[PDB]
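The structure under discussion appears below in the form of structure tokens.
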Amino acid sequence: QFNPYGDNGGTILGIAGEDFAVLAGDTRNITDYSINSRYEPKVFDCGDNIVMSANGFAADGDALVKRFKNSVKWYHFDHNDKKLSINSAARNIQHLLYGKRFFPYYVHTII
Amino acid sequence: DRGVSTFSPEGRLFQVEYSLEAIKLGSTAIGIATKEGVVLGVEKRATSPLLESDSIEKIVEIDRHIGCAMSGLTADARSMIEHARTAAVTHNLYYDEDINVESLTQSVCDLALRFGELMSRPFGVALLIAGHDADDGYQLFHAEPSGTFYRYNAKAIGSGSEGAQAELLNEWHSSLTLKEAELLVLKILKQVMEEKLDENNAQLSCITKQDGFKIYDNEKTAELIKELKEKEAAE
Amino acid sequence: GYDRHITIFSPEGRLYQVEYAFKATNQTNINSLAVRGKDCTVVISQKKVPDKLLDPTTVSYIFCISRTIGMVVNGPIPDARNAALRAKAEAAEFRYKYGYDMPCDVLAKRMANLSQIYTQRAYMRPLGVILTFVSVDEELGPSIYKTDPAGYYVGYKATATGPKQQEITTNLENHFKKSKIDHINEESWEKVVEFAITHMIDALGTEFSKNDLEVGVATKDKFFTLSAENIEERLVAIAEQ
Amino acid sequence: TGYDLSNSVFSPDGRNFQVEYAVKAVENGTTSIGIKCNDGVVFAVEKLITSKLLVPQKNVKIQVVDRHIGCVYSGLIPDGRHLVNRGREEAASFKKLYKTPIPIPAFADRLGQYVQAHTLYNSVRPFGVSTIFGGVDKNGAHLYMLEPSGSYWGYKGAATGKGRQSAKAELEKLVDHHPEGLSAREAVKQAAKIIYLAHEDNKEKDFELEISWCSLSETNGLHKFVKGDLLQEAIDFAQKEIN
Amino acid sequence: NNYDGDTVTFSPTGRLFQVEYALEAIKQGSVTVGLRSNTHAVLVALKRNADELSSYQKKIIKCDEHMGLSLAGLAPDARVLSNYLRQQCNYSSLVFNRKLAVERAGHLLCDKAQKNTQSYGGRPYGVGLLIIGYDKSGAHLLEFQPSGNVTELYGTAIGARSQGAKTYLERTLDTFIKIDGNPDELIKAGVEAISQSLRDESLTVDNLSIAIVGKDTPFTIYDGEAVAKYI
Amino acid sequence: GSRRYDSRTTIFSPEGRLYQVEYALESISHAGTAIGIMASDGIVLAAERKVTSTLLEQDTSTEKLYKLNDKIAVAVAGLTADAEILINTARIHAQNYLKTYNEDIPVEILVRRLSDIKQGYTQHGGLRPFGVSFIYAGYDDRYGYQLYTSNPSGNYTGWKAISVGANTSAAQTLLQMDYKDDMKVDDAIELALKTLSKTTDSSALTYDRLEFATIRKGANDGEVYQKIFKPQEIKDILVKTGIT
Amino acid sequence: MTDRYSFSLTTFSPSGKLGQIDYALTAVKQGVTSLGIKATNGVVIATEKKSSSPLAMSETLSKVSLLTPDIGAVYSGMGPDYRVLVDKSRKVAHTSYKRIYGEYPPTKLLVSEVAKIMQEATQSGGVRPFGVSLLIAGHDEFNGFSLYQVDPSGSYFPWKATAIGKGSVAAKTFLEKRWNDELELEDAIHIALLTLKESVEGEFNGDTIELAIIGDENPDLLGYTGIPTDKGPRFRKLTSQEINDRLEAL
Amino acid sequence: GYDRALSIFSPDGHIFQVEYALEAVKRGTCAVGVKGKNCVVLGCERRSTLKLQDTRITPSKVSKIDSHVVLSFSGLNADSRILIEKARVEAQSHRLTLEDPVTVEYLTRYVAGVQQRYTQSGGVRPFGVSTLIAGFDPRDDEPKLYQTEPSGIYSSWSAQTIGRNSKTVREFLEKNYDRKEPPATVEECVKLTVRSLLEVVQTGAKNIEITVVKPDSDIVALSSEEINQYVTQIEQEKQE
Amino acid sequence: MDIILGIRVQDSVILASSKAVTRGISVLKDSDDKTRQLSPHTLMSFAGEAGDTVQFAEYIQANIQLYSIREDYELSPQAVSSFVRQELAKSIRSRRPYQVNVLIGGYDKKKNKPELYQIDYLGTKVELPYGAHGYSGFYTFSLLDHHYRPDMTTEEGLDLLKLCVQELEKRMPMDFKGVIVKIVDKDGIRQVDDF
């Protein structure tokens, strides 16, 4: 039977300072016991000073990042170029994820 | 007959133009924007003395930071308000923030041209949308059934509008206090109204950053009416 | 008087749009004729190519609906082709559904039923065409069945259609009064084609070159159209007698 | 009367006046032509230069369908684009199911039926274009012209627009003077001559010439726009003939 | 007359009056100008108010990072058509990782406007658009008419008294086309162009709207104090 | 488009009347009269057939009087074809109610739903209204015997005695004159036939131009019987009251 | 596109008339005369075969049609409208009855279904009424023989005998003089032929007249044997030869 | 689906189909609502060109929407059944989700919203009905009277009338109703209602219906005799 | 849910229904009222799947109340029971069937008779002198087969019902936290507070 999920491995890490925040992630991408890429970045600048990573099943990770990036674009189009605050980004990403509640994005997301 | 979405030879939509005539028959609604807040006032205009005037609801809350006044076929405004409220609350659910007054106004105006052969005719009501957001501060918008909205420092709509607007052209300045605006709305309403203005046939409201949108009591507006009459007599 | 614009009854119980669609029939100014032999059914039609820039091989009002059925149209070519595509599709589906080739008379009935619908339903105009269907039916034999914008249809011993149809019709009537039979008592289709052209010539009072005519011939298990040279061969045969 | 106010209504003549009115829109448009040749077809069109501000070579009017068919039209330009967009959809579904690229006669009827369908109902408008089109298939070259009624025929040469009569006369001479056939490269030149000669009926504004072709030998059976050296050569040939 | 009830009707001389009446709404609209060089494309728009108490109706809309337009006529119809362009540009990016060619943007608008001119119940869009962009073949300017007709141009203008600016640009053609690698000069030429369409009113700070896109410049709009430089 | 040919069946006149409903009522006023009379021990239905021909088959015929269920019947004035459409809906509705609740449908509930269907054709859909007026005669254990009438508007009312179709104005006056509350079925039968005889547009009222029915509790103990009169039974009842 | 005619094309005029129904009946008036007579042991339905051309084969055009083995139809008015009504009628006798009860519908009910179809063409969106009046003759076990007339409105009336179309007024009067309740089928056929001759102008023979009967079961026309309960169709079309035999003793 | 925009704007800015729907209301039988200090009374005219009626089974002019709210109307009777049905269904739906019966204001707001929807939907005509909606909110003793009309506007009234000659009875109520002192009892309120109808009606026989709503689902319809006593008493005081 | 009982006597229908609502290893409530009043003289108890029970009960209650307000009339207990059966009979072939078992106790005012209907989730309706749903029946039916008489008073019915609760409290595995007892008669529906 076709299994629509896979595990691309890797790990990510986010820490917040008083006037800064870091979002780190290794660049290794795998399937089973093989390496697909030694350098495949999964931490992205999404505009409005928001960095995002969706780690787990890369196809879902990429799809989510792609949708959120597109969300930021339209937020500007619909609300007079207003900056998307991190708290609003968070709330938007919740809806992106929960919208696929019964067929989930198989990822841990950190912004 | 003829199509509902037909252009005139002068390049205008017949039904939109005709709905603008319906609005001119409506009761007067005036809005003035200050740096201390936006004031919204309306003429209630009870058709008969037996009608309980406080049940006339022509000033309405959209959200805590956004209020609205109406003029024309007021029954048409109910679904506009219902949409506005949902748009406002929905945006808060999706983004954990207040929706911009201009974004709200653009959302309501998106319903407007959704008629043809979608609803069967344009709305027969104009809206004054008044609110506050952190980006552009206090704002007043005139929303028309054409789908067009203009930002205004002050604006009158309805039967007494062209006279009241000419008055608002002389009276408005960029340093009006909220109290000054309140009195000005009362003064100009009294001028264009048919029956003699009092606390029962006119209503005041305002939106301030601090306390949000508030419709005034009949007791509060009565005192502002009294303060106004005393000030005009005082020179 | 909107009763004249759509297919509803006028006070006198008439359908003007159907009537006017009949007048559209003659818009091409072309006459057609069908006759039956013993083994075959021959249909002929005038071919008028006025413009010198036209490719004459693409100007045709005779259509091969199926391997066994042919159809000539009297009326504008857009409506004519509209009918021909539907007929082809209908005949193809019939075969797939019912396991045997659609008879000429059944296809006629079906197309006539469609035409009837346009005379009753308002959003659909009638097609300004008269369709003549020809075959050699495996049960009924040589067959001519004809449809009009009213949705009427009937089988024929022979038939004609077009502006000068009445002249051709009586000409044929007078022959069958004389011969006392329902068909052309001839063995080869070649001579039945010759009969068809001969009796068209007499009735119309005109002479034809090989490019003034169009000929469809239905035999058992196939309907085919003739080339210019096939017709020329036929014209020579008539002249040498 | 009032028979002319609604599409699909027969007049007492048996005519559809709304189609005939669409034909008026076509007669108003610029001149376009098609010349059939030895192993292919050539298309050319008059592009009125309304203003100096028009970017030359950059408002392309001839269109390709699939990879082997070319289309040009006169009248309401948007209406022609609609017809080509359908033409592309028809051709794609033919190639999808049957593998082989759509034959020109097959493609001609696809457009014909579609245009004919817009004469059947009062809720649509007829097409305000006559479209000249053609290409090369397994049976050689074909040229067609399709009119608002849905009527189309195969053509040796074809012309439509404001200068259709001028162009037609010029086409007829070629047919008479070349019974054996015209070469693809020759036809390109002739097209340029005819468009220039048909421009006399639209001579207020000067124009831009646009030519394309499909030829079994010259373009390998595929539709290609005539550009650069071949175009300037064809323009010069035309210029020489008007003087 | 009898043939202007709807878009689906042809007049006896082959005209579509509803489309012509839509065209008329553009003529009443406030003048907007479009011009380009080989490195940049520039929109300039005169904005219109209801009175001295009202804002000035925004004429320019961004479509993508490399594309945008200006409007003259029914503003809600421009909002529909811009939104369509935004999606089309967006689709191209998401599906093909490709920036929508300004030419394709024209073809898409043409076909969207066309469909509203051949069916019953609909109406033509009542707005004219000037689309500018910078893509893989350089800078571009398009003129959209709701008849469906889209036209690529070095420069143009639509709206009331657009003929002044259009004549000026026709004279200035050889000069402004070679304003390469200089944004402020290309804008100056556009601001002088729109000045040929003014009557009794002159260009003020809350009156003038300018947009620019080009080789090393995303589609950006200038209002308020940012256009004071050009008065 | 098709707007051109739209009659706009569901609109108001400047006076606030529904054109098509008014015109449908005008159509019904030319249909053969039908009378309903409610007595204390039953209901009479009487209706006049539209100008008969001698070669009409009179016994195997039904035009005016139809059976909805064992306890309810209707008299029809208007287009018969329209009436059957409605009668079949009514018949199915009655069965639905019985299938749902295991009790025969109360007359008013059936009359309301049939009247509601009519109402719909006057407010939405752009279709012509049904050109039919019904007289409902029926029994249920809540109100006992009941007469109702509905018309193309979808408005229905309850009656002690009522007429529909032709000459209602004269017929009603006559019924108003000789009706009283303690009346019995056999008295009502007479009144019905007498009224038709005086309001008829024919020369003389005969058995072949009438349909007749009674709804009595004249079965055996606490149960209701529907009697659709046979030709000969109308011939006899016409003699018994001395009309012929 | 799509049928935008979702509104009624038949509507009430101020006087009360339904214009299109009236006009449809006018079409039926223009139509060629057809008639039906009910005997004690059968029914006859007849009509003139108006040939459109002498080159036409009028046998290929059937005005009298079998609907079920015990029901037959004839009409006056528009042929094409009748033809599709027969198709629809034949199908509805199966879908709404045979496929449910395993037997053919009784005449009154099939008639009822056809009348429904014709009623709906009087009220539904974007259609004119049918331009035909039908005469449906048939038999069934519990009602015996019966004859019905269905009009464009959808109204149907049972008849002992009647005519419709061109010379119906005269034909009906003729049928009133000759009809009694003791007519045998052969006496009804004889009167049918007499009545038709008045309205027919040209040739009067078995090739210009179409005539069918509802009578006894015809086991020879069943096409199979072995089931005692199946005894054959009561509908039969008289042959061109069978008509001429009766035209000699006329 | 039938799509035609039947309710549209005319050049002067009127929606004629809505305005003509008001004429249908003006043709209907007079209906009046008067609210007292502790009650609302709904009075309704019944035309007497209809003798031989059966008043047991004939649809009553005042309908119960729930056990605590009532609805009377003026205009097309058939139309009013559709409004009443929807109102009654919403009444039960409200009790289901909110676990509380509708307020009179809410029920009225719903009924008016339905009416408004029929003024800008395609393929429908407006309701030829204006309604008087009266009752008491759950656990509340303050009387409530509302009025709706075809356009969709609704409002609260101390006393109001609709239907034919409603302008005459409104006149009467306008001088005979004191806002400072509403009819202090049931008897007073019924009388003022009966008086106002007698200005327009004819005979106070089987022409007047009176329904009395009191707090906590206390609704009762008066019989002929009960009403006749008010008629008799009013006429004797009049001869003065 | 779990225990619902019903006893029809001479003049009344008595319904007893367990008060516990247990989820997992916790008794979440011990005062739950597993009954709805459909009309003044009709009461329905219910037991089955969580959520499904109350949802179905209130849905039926709304429909009967809607009917009441439309016709100004109370449906008979037989009529209501047939409506409820049909709704369940529909439900059993739905994408997700209501898993609810009901008892309907009513007093027909036209007949002056008490009536008790047992309907299961499949839509299996039976009129009974005494009824039970679930495992309760396994102890109460035999008990009532012995002690029940058709002419018992409401008081005798209540004592007979005490005997049933007692047996269930002795032999049933689960603590159902006692019962709420309600009586349906000519004067309507009333609750016994001390049981």
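Each chain of the structure tokens is named A, B, ... in the order shown, its residues numbered from 1; ligands are numbered from 1 in display order.
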Residues at most 9 Å from segment 157-169 of chain F, counting only C-alpha atoms, excluding those fewer than 6 positions away in the same chain, as a ChimeraX atom specification?
/F:25,27-39,75-78,133-135,146-150,175-176,179,181,199-201 /H:51-59
Counting only C-alpha atoms, which residues of chain G sit at most 8 Å from some atom of chain F, and what is each one's closest atom pair with its distance in Å to one decimal, listed by chain and rising residue number, as CSV?
```
residue,atom,partner,partner_atom,distance
G:4,CA,F:2,CA,6.3
G:5,CA,F:2,CA,6.2
G:6,CA,F:126,CA,7.1
G:7,CA,F:126,CA,4.6
G:8,CA,F:127,CA,4.7
G:9,CA,F:6,CA,7.7
G:10,CA,F:128,CA,7.2
G:11,CA,F:128,CA,5.6
G:12,CA,F:23,CA,5.7
G:13,CA,F:23,CA,6.3
G:14,CA,F:23,CA,5.1
G:15,CA,F:26,CA,6.5
G:16,CA,F:27,CA,4.0
G:17,CA,F:27,CA,6.4
G:115,CA,F:81,CA,7.1
G:116,CA,F:81,CA,7.0
G:119,CA,F:81,CA,5.9
G:123,CA,F:128,CA,6.2
G:124,CA,F:127,CA,6.8
G:125,CA,F:127,CA,6.9
G:153,CA,F:81,CA,6.8
G:154,CA,F:81,CA,5.0
G:155,CA,F:81,CA,5.3
G:157,CA,F:61,CA,7.2
G:158,CA,F:57,CA,5.2
G:159,CA,F:56,CA,4.6
G:160,CA,F:55,CA,5.3
G:161,CA,F:55,CA,5.9
G:162,CA,F:55,CA,7.1
G:176,CA,F:55,CA,6.8
```
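Using only C-alpha atoms, we find that the part of chain C lying within 10 Å of chain F comprises residues 2, 3, 5, 6, 122 and 123 of chain C.
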Need to verify the contact set: segment 49-60 of chain D, 7 Å, only C-alpha atoms, exclusion of same-chain residues closer than 6 positions in sequence. Can you return it as a short mmCIF file (atom, residue, chain, number, x, y, z; two decimals) with N, CA, C and O atoms, in the first residue's frame?
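File part.cif, as written:
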```cif
data_model
loop_
_atom_site.label_atom_id
_atom_site.label_comp_id
_atom_site.auth_asym_id
_atom_site.auth_seq_id
_atom_site.Cartn_x
_atom_site.Cartn_y
_atom_site.Cartn_z
N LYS D 205 -3.36 55.90 -42.09
CA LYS D 205 -2.27 55.41 -41.26
C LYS D 205 -1.40 54.50 -42.10
O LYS D 205 -1.92 53.72 -42.90
N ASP D 206 -0.08 54.59 -41.95
CA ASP D 206 0.82 53.60 -42.54
C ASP D 206 0.86 52.38 -41.61
O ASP D 206 0.32 52.42 -40.50
N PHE D 207 1.48 51.30 -42.07
CA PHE D 207 1.30 50.01 -41.43
C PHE D 207 2.60 49.24 -41.21
O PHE D 207 3.67 49.66 -41.65
N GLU D 208 2.47 48.11 -40.51
CA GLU D 208 3.55 47.16 -40.31
C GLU D 208 3.15 45.81 -40.89
O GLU D 208 2.03 45.33 -40.67
N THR E 151 -2.32 46.62 -25.87
CA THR E 151 -1.34 47.17 -26.81
C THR E 151 -0.04 47.54 -26.10
O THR E 151 -0.05 48.25 -25.09
N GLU E 152 1.08 47.05 -26.63
CA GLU E 152 2.41 47.37 -26.10
C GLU E 152 2.94 48.66 -26.72
O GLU E 152 2.91 48.82 -27.95
N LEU E 153 3.46 49.55 -25.88
CA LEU E 153 3.83 50.90 -26.29
C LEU E 153 5.09 51.40 -25.56
O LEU E 153 5.41 50.95 -24.46
N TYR E 154 5.80 52.33 -26.19
CA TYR E 154 6.92 53.03 -25.54
C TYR E 154 6.39 53.98 -24.48
O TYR E 154 6.96 54.11 -23.39
N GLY E 155 5.29 54.65 -24.81
CA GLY E 155 4.60 55.56 -23.90
C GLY E 155 3.14 55.71 -24.26
O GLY E 155 2.75 55.43 -25.40
N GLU E 170 4.62 61.51 -27.90
CA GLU E 170 4.87 61.22 -29.31
C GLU E 170 6.00 62.10 -29.85
O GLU E 170 6.83 61.66 -30.64
#
```
Using DSSP on the backbone, list every residue of segment 18-162 of chain D that comes out as strand (DSSP E or B), and give them as a ChimeraX atom specification.
/D:32-37,40-48,54,63-65,69-75,124,129-137,140-146,152-155,157-160
Could you write those residues out with C-alpha atoms, as an mmCIF file, in the first residue's frame?
```cif
data_model
loop_
_atom_site.group_PDB
_atom_site.id
_atom_site.type_symbol
_atom_site.label_atom_id
_atom_site.label_comp_id
_atom_site.auth_asym_id
_atom_site.auth_seq_id
_atom_site.Cartn_x
_atom_site.Cartn_y
_atom_site.Cartn_z
ATOM 1 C CA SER D 32 -5.380 39.607 -43.605
ATOM 2 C CA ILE D 33 -4.654 36.952 -46.231
ATOM 3 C CA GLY D 34 -3.616 33.357 -46.797
ATOM 4 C CA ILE D 35 -1.768 31.913 -49.802
ATOM 5 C CA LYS D 36 -1.614 28.154 -50.348
ATOM 6 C CA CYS D 37 1.569 26.915 -52.034
ATOM 7 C CA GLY D 40 2.431 24.579 -47.483
ATOM 8 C CA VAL D 41 0.658 27.834 -46.617
ATOM 9 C CA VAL D 42 1.625 31.474 -46.059
ATOM 10 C CA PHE D 43 -0.193 34.000 -43.854
ATOM 11 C CA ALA D 44 0.144 37.784 -43.793
ATOM 12 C CA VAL D 45 -1.667 40.652 -42.062
ATOM 13 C CA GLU D 46 -1.832 44.463 -42.076
ATOM 14 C CA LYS D 47 -0.961 46.067 -38.723
ATOM 15 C CA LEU D 48 -2.068 49.709 -38.746
ATOM 16 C CA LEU D 54 3.669 51.442 -30.778
ATOM 17 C CA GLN D 63 -1.092 32.963 -33.799
ATOM 18 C CA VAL D 64 0.059 29.344 -33.745
ATOM 19 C CA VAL D 65 -2.140 26.382 -32.810
ATOM 20 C CA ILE D 69 -1.084 25.327 -37.688
ATOM 21 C CA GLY D 70 -1.145 29.108 -38.107
ATOM 22 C CA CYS D 71 -4.112 31.435 -37.606
ATOM 23 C CA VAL D 72 -4.807 35.016 -38.602
ATOM 24 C CA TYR D 73 -8.052 36.997 -38.416
ATOM 25 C CA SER D 74 -9.705 40.348 -39.126
ATOM 26 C CA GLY D 75 -12.311 42.142 -37.002
ATOM 27 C CA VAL D 124 -24.364 34.412 -26.821
ATOM 28 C CA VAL D 129 -13.980 37.762 -36.847
ATOM 29 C CA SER D 130 -13.292 35.972 -40.102
ATOM 30 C CA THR D 131 -10.300 33.697 -39.546
ATOM 31 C CA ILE D 132 -7.842 32.523 -42.186
ATOM 32 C CA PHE D 133 -5.845 29.507 -41.020
ATOM 33 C CA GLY D 134 -4.062 26.375 -42.186
ATOM 34 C CA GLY D 135 -0.956 24.215 -42.100
ATOM 35 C CA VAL D 136 0.626 20.956 -43.226
ATOM 36 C CA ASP D 137 -0.502 17.463 -42.265
ATOM 37 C CA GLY D 140 -0.051 17.943 -47.554
ATOM 38 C CA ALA D 141 -1.054 21.592 -47.280
ATOM 39 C CA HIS D 142 -4.477 23.061 -46.506
ATOM 40 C CA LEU D 143 -5.731 26.641 -46.290
ATOM 41 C CA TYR D 144 -9.091 27.592 -44.766
ATOM 42 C CA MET D 145 -11.217 30.662 -44.117
ATOM 43 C CA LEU D 146 -13.913 30.671 -41.413
ATOM 44 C CA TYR D 152 -15.716 27.674 -43.908
ATOM 45 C CA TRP D 153 -14.181 26.258 -47.086
ATOM 46 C CA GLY D 154 -10.817 25.107 -48.396
ATOM 47 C CA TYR D 155 -9.055 27.849 -50.357
ATOM 48 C CA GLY D 157 -6.051 31.834 -51.658
ATOM 49 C CA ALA D 158 -8.050 33.718 -49.034
ATOM 50 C CA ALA D 159 -8.573 37.328 -47.982
ATOM 51 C CA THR D 160 -10.647 39.261 -45.452
#
```
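Across the structure, atom CA of residue 176 of chain H and atom CA of residue 158 of chain H are spaced 11.8 Å apart.
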Enumerate the residues of segment 3-227 of chain E with a DSSP assignment of alpha helix (DSSP H), computed from the backbone, and present them as a PyMOL selection string.
chain E and resi 17-28+75-96+102-115+162-176+183-194
Using only C-alpha atoms, which protein or nucleic acid residues come within 9 Å of segment 230-240 of chain C? Drop anything in the same chain fewer than 4 positions from it, and give the result as a PyMOL selection string.
chain C and resi 190-191+193-195+197-198+208-211+213-215+226
Contact set, chain C to chain D: 12 Å, only C-alpha atoms, as JSON, numbers by chain
{"C": [1, 2, 3, 4, 5, 6, 7, 15, 16, 17, 18, 19, 20, 21, 22, 23, 24, 25, 26, 27, 28, 49, 51, 52, 53, 54, 55, 56, 57, 58, 59, 60, 61, 75, 76, 77, 78, 79, 80, 81, 82, 83, 84, 85, 86, 118, 121, 122, 123, 124, 125, 126, 127, 128, 129, 149]}
Give me the chain H side of the contact with chain I, cut-off 7 Å, one line per residue showing its nearest atom pair and distance in Å at one decimal, counting only C-alpha atoms, sorted by chain and residue number, as JSON lines.
```
{"residue": "H:64", "atom": "CA", "partner": "I:69", "partner_atom": "CA", "distance": 6.7}
{"residue": "H:65", "atom": "CA", "partner": "I:69", "partner_atom": "CA", "distance": 6.8}
{"residue": "H:66", "atom": "CA", "partner": "I:69", "partner_atom": "CA", "distance": 6.3}
{"residue": "H:88", "atom": "CA", "partner": "I:66", "partner_atom": "CA", "distance": 6.9}
{"residue": "H:89", "atom": "CA", "partner": "I:66", "partner_atom": "CA", "distance": 6.6}
{"residue": "H:92", "atom": "CA", "partner": "I:62", "partner_atom": "CA", "distance": 5.8}
```
Would you mind listing, for every residue of chain B within 8 Å of chain H, the two atoms forming the shortest contact and the distance between them in Å to one decimal, using only C-alpha atoms, sorted by chain and ascending residue number, as a Markdown table?
```
| residue | atom | partner | partner_atom | distance |
| --- | --- | --- | --- | --- |
| B:4 | CA | H:5 | CA | 7.5 |
| B:15 | CA | H:9 | CA | 6.0 |
| B:18 | CA | H:13 | CA | 4.9 |
| B:19 | CA | H:13 | CA | 5.6 |
| B:20 | CA | H:13 | CA | 7.1 |
| B:21 | CA | H:13 | CA | 4.6 |
| B:22 | CA | H:13 | CA | 4.3 |
| B:23 | CA | H:13 | CA | 7.9 |
| B:49 | CA | H:174 | CA | 7.3 |
| B:50 | CA | H:158 | CA | 5.7 |
| B:51 | CA | H:157 | CA | 4.4 |
| B:52 | CA | H:157 | CA | 5.3 |
| B:53 | CA | H:156 | CA | 7.8 |
| B:55 | CA | H:156 | CA | 5.7 |
| B:56 | CA | H:155 | CA | 6.4 |
| B:74 | CA | H:153 | CA | 7.1 |
| B:75 | CA | H:153 | CA | 5.1 |
| B:76 | CA | H:116 | CA | 7.1 |
| B:78 | CA | H:113 | CA | 7.8 |
| B:116 | CA | H:5 | CA | 7.8 |
| B:117 | CA | H:3 | CA | 6.6 |
| B:119 | CA | H:121 | CA | 5.4 |
| B:120 | CA | H:122 | CA | 5.0 |
| B:121 | CA | H:120 | CA | 5.7 |
```
For a test of reading the model, state the distance in Å between atom CA of residue 45 of chain E and atom CA of residue 59 of chain E, rounded to one decimal.
6.4 Å
Need the shell around residue 16 of chain A: protein/DNA/RNA residues with any atom at most 12 Å away, counting only C-alpha atoms. Skip same-chain ones fewer than 5 positions apart. Format as a PyMOL selection string?
chain A and resi 21-24+110-111
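Note that atom CA of residue 46 of chain I and atom CA of residue 158 of chain I are 19.8 Å apart.
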With 12 Å as the limit and counting only C-alpha atoms, what residues in chain G lie close to chain E? Please list them as number ranges by chain.
G: 1-4
Could you take the residues named above and write them with N, CA and C atoms, as a tab-separated table (two decimals), in the first residue's frame?
```
chain	number	residue	atom	x	y	z
G	1	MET	N	-24.68	30.71	-22.30
G	1	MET	CA	-25.47	29.58	-22.87
G	1	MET	C	-26.44	29.01	-21.82
G	2	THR	N	-26.82	27.74	-22.01
G	2	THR	CA	-27.82	27.03	-21.20
G	2	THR	C	-29.22	27.63	-21.38
G	3	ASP	N	-30.23	26.78	-21.20
G	3	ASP	CA	-31.62	27.18	-21.29
G	3	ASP	C	-31.92	28.28	-20.27
G	4	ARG	N	-31.88	29.53	-20.72
G	4	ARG	CA	-32.21	30.67	-19.87
G	4	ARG	C	-33.73	30.85	-19.76
```
For a quick check of understanding, using only C-alpha atoms, which of B:96, B:1, B:43, B:54 has the smallest distance to chain A?
B:96
For residue 90 of chain C, work out the shell of residues within 10 Å, counting only C-alpha atoms and skipping chain neighbours fewer than 3 positions away, then give it as a PyMOL selection string.
chain C and resi 65-66+84-87+93-96+102+107+110-111
In terms of only C-alpha atoms, the residue from E:110, E:13, E:46, E:122 at minimal distance from chain B is E:122
Based on only C-alpha atoms, which of the residues in chain G come within 10 Å of chain C? I want them as an MDAnalysis selection string.
chainID G and resid 1:6 9:10 19:30 51:62 77:81 83:84 87 121 125:131
Need the shell around residue 87 of chain E: protein/DNA/RNA residues with any atom at most 12 Å away, counting only C-alpha atoms. Skip same-chain ones fewer than 6 positions apart. Format as a PyMOL selection string?
(chain A and resi 70+73-74+77) or (chain E and resi 62-64+80-81+93-95+100+105+108-109)
